[PDB]
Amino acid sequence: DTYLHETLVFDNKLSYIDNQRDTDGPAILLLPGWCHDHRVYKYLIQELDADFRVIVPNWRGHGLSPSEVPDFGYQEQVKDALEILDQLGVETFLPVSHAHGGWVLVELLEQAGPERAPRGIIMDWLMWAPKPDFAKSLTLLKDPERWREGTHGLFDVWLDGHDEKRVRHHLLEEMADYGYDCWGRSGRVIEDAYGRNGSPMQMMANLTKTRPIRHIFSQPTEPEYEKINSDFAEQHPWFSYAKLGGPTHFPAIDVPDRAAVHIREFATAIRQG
């Protein structure tokens, strides 16, 4: 929280982490998903603080004081992220997303191009089109009468029967101040993203300039899900994955050391040409 800043981004005052580390590029851009903020990355920032410049933008209506804002999508998140990087004078960066931060990361690869964003790490991001249970969850979040029932079902899936203190603290304390305006929006945007782009996999395959992307995930834990990642990886030389074997949907929190080594590896690859 030493590193927490505010700046005007077009019409919106956005909070963002920036450790202002004077070191060789690329900068690490940690991308929150929906209805949480930089706090998800507090442990991963500890892993990276000393060796890298670390930037964590918070979305419109996101941060330590969540607020009602006009409707926006992953395109707006991309412009917001770049506008912060333009203000900070950051050129080359390695974007790292959690879950539906991924929609922002892939579009940011498309819009920034392969000189500015040569690689991407996507963390715990449902690679297939929505299964019935997840589809239902999106429907609940959009429902003004059942949005909290939506979050409760998703919390259950994300903790996956683990009494994981740090991740429980994130869901129940650090995301407590987020209301229907955010959760409803997340349901609409993610449902729309899947409907329009088909899947994260279809979207990455569809990039104008394919680049090295790694998916590091703990869940879903079933072999069928490992197989779709293995099947995509076999088909696409630029695509790789690592199953982190962490307890929850939030490897940034519950295996921050493991998330860090994959990021350092990609950051190192970028420095080596």
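The first residue of the sequence shown is number 1, and the count goes up from there.
Once the C-alpha B-factors are averaged per stretch, 127-135 and 95-103 rank with 127-135 first.
Looking at 79-87 and 158-166 together, the entry lists the larger mean B-factor for 79-87, computed on C-alpha atoms. Within the group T248, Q235, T221, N229, the record's highest C-alpha temperature factor is found at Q235. Listed residues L30, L244, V40, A50 were ranked by CA B-factor as deposited; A50 comes out on top. Sorting the modelled residues of the chain by their CA temperature factor places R21 in the highest third. In this PDB entry, the Cα temperature factor of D257 sits in the bottom third of its chain's modelled residues, the lowest group. When the modelled residues of the chain are ordered by their C-alpha B factor, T210 lands in the middle third. Among the modelled residues of its chain, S240 has a C-alpha B-factor that falls in the lowest third, as given in the PDB entry.
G187: CA B factor lies in the middle third for its chain, per the PDB record.
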